[PDB]
Amino acid sequence: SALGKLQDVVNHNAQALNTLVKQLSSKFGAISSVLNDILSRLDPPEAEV
Amino acid sequence: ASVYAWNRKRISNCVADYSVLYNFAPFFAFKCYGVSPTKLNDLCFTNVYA
């Protein structure tokens, strides 16, 4: 582990991007996470909320 | 059936068209949760109980 510092920089950036991409699957309270279902099975007035 | 003896049923393996309802009656109470009735006829489902 002589190059710990450079390796650590690389891993921190990679981990940040990973968590940002993974967080797209969470629902946050909506009936579904993908926009397509929300916009498919619901009228526009309720799809807004 | 009566309220405490509701008649459960399963309905699968069929091309289901929800527009045979509208020829039935004035439909005093008709409200859908989770899905709009207008855009129903297109969508697909896992298991439909009645």
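Thresholds applied
Keep in mind that residues are numbered from 1 along each chain as the sequence reads, not by the entry's scheme, and that residues without coordinates are left out. Chains carry letters from A onward and ligands carry numbers from 1 onward, assigned in written order. What you see is a piece of a larger assembly; the numbers all apply to this piece alone. For the side-chain quantities, the full set of heavy atoms in the structure was used; hydrogens and water were omitted. Residues with missing side-chain atoms are left out of burial classes, side-chain pairs and their counts. Only runs of H or I of at least four residues qualify as helices and only runs of E of at least two qualify as strands under DSSP, and these elements are numbered from the N terminus. For a compact globule the rule gives 2.2 Å times the number of residues to the power 0.38, and the radius of gyration it is set against comes from C-alpha atoms. Working definition: with a 1.4 Å probe on protein chains only, accessible area under 20% of the residue-type maximum means buried, over 50% means exposed, and in between means partly exposed. Here, Shrake-Rupley sampling with a 1.4 Å probe gives the accessible areas, and only protein chains in the shown set may cover a residue. Residue contacts are counted whenever heavy atoms from the two residues lie within 4.5 Å of one another. Polar here means any residue other than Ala, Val, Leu, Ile, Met, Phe, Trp, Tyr, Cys and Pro, which are nonpolar, and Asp, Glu, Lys and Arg, which are charged; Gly is therefore polar. Here, patches come from residues exposed beyond 30% relative accessible area and free of salt bridges, joined within 9 Å for like charges and within 5 Å for nonpolar side chains (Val, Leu, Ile, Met, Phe, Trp, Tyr). In the sections that follow, a salt bridge refers to a side-chain nitrogen of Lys or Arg positioned within 4 Å of a carboxyl oxygen of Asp or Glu. For this analysis, a polar contact is any N or O atom pair within 3.5 Å, provided that within protein one partner can donate a hydrogen and the other can accept it, and provided that sequence-adjacent residues contribute only side-chain to side-chain pairs.

Structure determination for this PDB entry is given in the record as cryo-EM, at a resolution of 3.2 Å.

On to the overall build of chain B, then. Helix and strand counts for chain B stand at zero helices and two strands. For 50 residues, the compact-globule formula gives about 10 Å, and the C-alpha radius of gyration of chain B, at 13 Å, lies well above that figure. The dimensions of chain B, computed from C-alpha atoms along their principal axes, are 35 × 30 × 20 Å. Counting the 50 residues in chain B, one finds 6% classified as buried. On chain B, roughly 4,800 Å² of surface is accessible, and the fraction owed to carbon and sulfur atoms is 57%.

Our focus in this paragraph is the interface of chain A and chain B. Opposite the five residues of chain A that make contact, chain B presents five residues. Split into classes, the residues belonging to the side of chain A that touches chain B amount to two nonpolar, one polar and two charged.

The next point concerns the side chain of A:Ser32. Here A:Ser32 lies in the loop between helix 1 (4-22) and helix 2 (35-40). Once you skip the residues sitting within four places of it in the chain, A:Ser32 turns out to touch A:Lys27, A:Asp37, A:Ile38 and A:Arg41.

Moving on to a nonpolar patch on the surface. Where nonpolar side chains cluster on the molecular surface, the patch consists of B:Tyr22, B:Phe24, B:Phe27 and B:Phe30 and spans about 460 Å² of accessible area. With respect to the secondary-structure elements, B:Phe30 resides in the loop between strand 1 (10-11) and strand 2 (48-49).

By the secondary structure assignment, B:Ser36 is in the loop between strand 1 and strand 2. With relative accessibility at 7%, the residue B:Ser36 sits in the buried group. A polar contact is formed between the side chain of B:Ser36 and the backbone nitrogen of B:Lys39, at a distance of 3.2 Å. B:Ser36 has contacts with A:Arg41, A:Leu42 and A:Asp43, leaving out every residue within four places of it along the chain.

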